[PDB]
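Worksheet: the structure to be examined is printed underneath.
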Amino acid sequence: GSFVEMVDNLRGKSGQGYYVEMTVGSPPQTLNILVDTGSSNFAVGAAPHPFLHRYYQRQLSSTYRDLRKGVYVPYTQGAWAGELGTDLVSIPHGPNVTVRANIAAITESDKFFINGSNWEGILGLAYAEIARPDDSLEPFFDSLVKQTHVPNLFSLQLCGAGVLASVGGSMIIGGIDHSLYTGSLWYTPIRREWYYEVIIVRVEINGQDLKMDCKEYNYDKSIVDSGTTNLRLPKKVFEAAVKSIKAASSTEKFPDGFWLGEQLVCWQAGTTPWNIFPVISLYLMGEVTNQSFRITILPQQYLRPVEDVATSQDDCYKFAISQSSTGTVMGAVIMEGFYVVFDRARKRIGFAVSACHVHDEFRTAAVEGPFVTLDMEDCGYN
Ligand SMILES: CC(=O)N[C@@H](Cc1cc(F)cc(F)c1)[C@H](O)CN[C@H]1C[C@H](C2CC2)Oc2ccc(CC(C)(C)C)cc21
């Protein structure tokens with residue numbers, strides 16, 4: 001249908017993920033929930049914690065059912081543990097339905113909730129394969145498609161910055177909202193249904209090819225992850241990219257620690273030298289054999305605005321490309337300014353330029369193709 005009612009249903013603080021409002025339990029208890037395409041568990045704070053403004057109260061819900069088993073979930077650096085159960089859940093600015101869903105009641109955690117955050121739980125939107133304790137714990141979105149009869153698809157339009165900066169965007173559950181993107185939507189295959197795994201076939205920095213065996217770009221996987229902030233790149237790819245961006249931007253010289261994500265670079269306000277930083281093009285495998293298309297990243301996307309309240313007049317930024325030993329993550333920084341369709345029903349992810357994009361006087365983020373290729377299924381790791 002029209003998805004008018006779901007537009008602008010997402011909020012957030014920069015670097016602390018995007019969240020949607022949800023209700024859990026009878027009568028409904030409202031919580032803000034992190035939207036995470038990089039995990040498969042729906043979990044909510046359900047005991048006091050110094051950084052939680054609210055938490056789920058099982059005893060106040062006539063529909064809670066305890067599953068009498070616990071669950072522990074470690075992420076990249078944060079973790080939680082809790083009791084599993086089920087309860088009735090809905091999304092007030094999503095479709096007007098109620099699903100009985102698995103819920104992990106978080107009763108202890110480590111480096112998970114963030115001070116000042118606004119969210120109280122997390123909604124892992126990926127596949128059952130990566131769910132904890134194991135794949136028999138049906139993820140929230142599988143429940144929603146099974147029980148209500150919504151098409152097996154959602155899309156995400158993460159809009160970036162309009163006190164840390166406020167962000168917003170839209171999560172369209174059950175379809176594609178044509179007013180949230182411009183131009184053509186290009187699909188890449190979901191390689192394997194676990195994370196949302198895709199295949200990158202070529203990387204360019206300022207039109208200049210990185211010239212690596214394309215297997216290195218997906219070593220040992222590449223995923224689309226709304227729950228990670230940065231572009232994360234395997235060791236070798238990272239070093240080659242950081243070299244290419246150093247050279248195209250060599251007129252100014254920056255600390256070791258800038259490029260390690262350890263230190264801000266600051267410029268007197270309004271003096272940010274955008275034009276010395278290159279654009280980055282990631283070509284992704286197409287649906288048609290021997291075709292690819294590319295998405296193009298501006299420096300405005302990979303240099304994250306971050307404020308020092310002291311030197312209060314400057315514009316400061318953190319480098320939001322960073323080194324991985326667990327594969328490529330196309331995180332928030334890559335998804336912002338694009339409209340991303342998690343087409344689960346047809347095992348593909350589409351990209352299109354977003355209605356809320358990040359244009360420059362001279363350069364523009366884009367989604368373009370086709371470009372003819374070969375040995376693209378060779379770019380996958382085994
Ligand atoms: C930053 C971060 O962790 N974000 C989380 C969500 C998240 C957001 C937050 F604000 C605080 C957190 F503690 C966790 C993502 O969900 C990470 N997604 C993938 C990225 C990457 C994959 C390997 C490429 O590495 C791992 C490692 C573990 C897990 C969790 C499960 C094992 C249970 C699936 C997920 C992932």
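One-based numbering along the sequence shown.
Remark: the backbone N or O of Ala126 is paired with a side-chain donor or acceptor of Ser40 at under 3.5 angstrom. Between the side chain of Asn32 and the main chain of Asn118, a donor-acceptor pair closer than 3.5 Å is present. A donor-acceptor pair under 3.5 Å is absent between the side-chain atoms of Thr107 and the main chain of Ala47, judged by distance alone. Between the side chain of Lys235 and the main chain of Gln323, no donor-acceptor pair closer than 3.5 Å is present. No donor-acceptor distance shorter than 3.5 angstrom exists from the side chain of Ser14 to the backbone of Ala165, with no hydrogens or angles considered. A donor-acceptor distance shorter than 3.5 angstrom exists from the side chain of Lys221 to the backbone of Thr326, with no hydrogens or angles considered.
With sequence neighbours excluded, no residue forms a salt bridge (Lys or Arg N to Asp or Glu O under 4.0 Å) with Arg100. For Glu368, the salt bridge (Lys or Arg N to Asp or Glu O under 4.0 Å) partners are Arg294, not counting sequence neighbours.
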Between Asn102 and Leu67, does the side chain to side chain contact (heavy atoms under 4.5 Å, CB included) criterion hold? Intermediate values first, please.
CA-CA 9 Å; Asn102 299 126; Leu67 290 161; 3.6 Å; yes
Go through the steps to decide whether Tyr283 and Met376 satisfy the test side chain to side chain contact (heavy atoms under 4.5 Å, CB included), and finish with yes or no.
CA-CA 11 Å; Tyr283 291 65; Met376 286 197 308; over 6 Å; no
Hey, mind stepping through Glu138 and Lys146 against salt bridge (charged side-chain N to carboxylate O under 4.0 Å, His left out) and telling me if it holds?
CA-CA 10 Å; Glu138 180 175 77; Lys146 208 132 105 154; 3.8 Å; yes
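Using a 4.0 Å cut-off between a side-chain N of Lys or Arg and a carboxylate O of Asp or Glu, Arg192 and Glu129 qualify as a salt bridge. A salt bridge links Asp142 with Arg344: the distance from a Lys NZ or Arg NE/NH1/NH2 to an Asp or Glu carboxylate oxygen falls below 4.0 Å. With respect to the salt-bridge test (charged N to carboxylate O, under 4.0 angstrom), the residues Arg54 and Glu120 qualify. The residues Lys69 and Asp66 are annotated as not salt-bridged, no charged nitrogen and carboxylate oxygen being separated by less than 4.0 angstrom. At a threshold of 4.0 Å, the pair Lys243-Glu239 does not count as salt-bridged, since none of the basic side-chain nitrogens sits closer than that to a carboxylate oxygen.
No side-chain donor from either of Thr311 and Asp314 sits under 3.5 Å from a side-chain acceptor of the other. With 3.5 Å as the limit, one finds no donor-acceptor pair spanning the side chains of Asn41 and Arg132. Judged purely by distance below 3.5 Å, without hydrogens or angles, the side chains of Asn9 and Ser170 never pair a donor atom with an acceptor atom. Side-chain atoms of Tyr18 and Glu336 form a donor-acceptor pair, as typed in the model, at a separation below 3.5 Å.
Inter-residue side-chain proximity for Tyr339 and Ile172 is flagged as met; some heavy-atom pair is nearer than 4.5 Å. Counting heavy atoms from C-beta on, the side chains of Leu284 and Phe351 come closer than 4.5 Å. In this structure, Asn218 and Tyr381 have side chains that are not in contact, with every pair of non-hydrogen atoms separated by 4.5 Å or more. The closest side-chain heavy-atom distance from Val237 to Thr328 is not below 4.5 Å. Residues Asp225 and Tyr195 have side chains not in contact (no heavy-atom distance under 4.5 Å, counting atoms from C-beta outward). Residues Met335 and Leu156 meet the side-chain proximity criterion, which asks for heavy atoms closer than 4.5 Å.
Proximity of the aromatic rings of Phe112 and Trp119 is defined here by a centroid distance below 6.0 angstrom, and this criterion is met. Aromatic rings from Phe42 and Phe140 are positioned such that their centres are separated by under 6.0 Å. Remark: aromatic rings of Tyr196 and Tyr127 are close, center separation under 6.0 Å.
Under the 30°/60° scheme for interplanar angles, the aromatic rings of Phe258 and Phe319 are found to be tilted. Taking the six-membered ring for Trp and thresholds of 30 and 60 degrees, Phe277 and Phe254 have nearly parallel ring planes, at less than 30 degrees apart. Classified by interplanar angle (parallel below 30°, tilted 30° to 60°, perpendicular above 60°), the ring pair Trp267/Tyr317 is tilted.
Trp80 is connected to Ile114 through a chain of hydrophobic side-chain contacts under 4.5 Å among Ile, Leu, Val, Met, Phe, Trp and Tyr, so both are in one cluster. In terms of hydrophobic clustering, with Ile, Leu, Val, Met, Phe, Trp and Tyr side chains grouped at heavy-atom distances under 4.5 Å, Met285 and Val367 are assigned to different clusters. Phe141 and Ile349 fall within a single hydrophobic cluster, where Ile, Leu, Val, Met, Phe, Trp and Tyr side chains are chained together by heavy-atom contacts under 4.5 Å.
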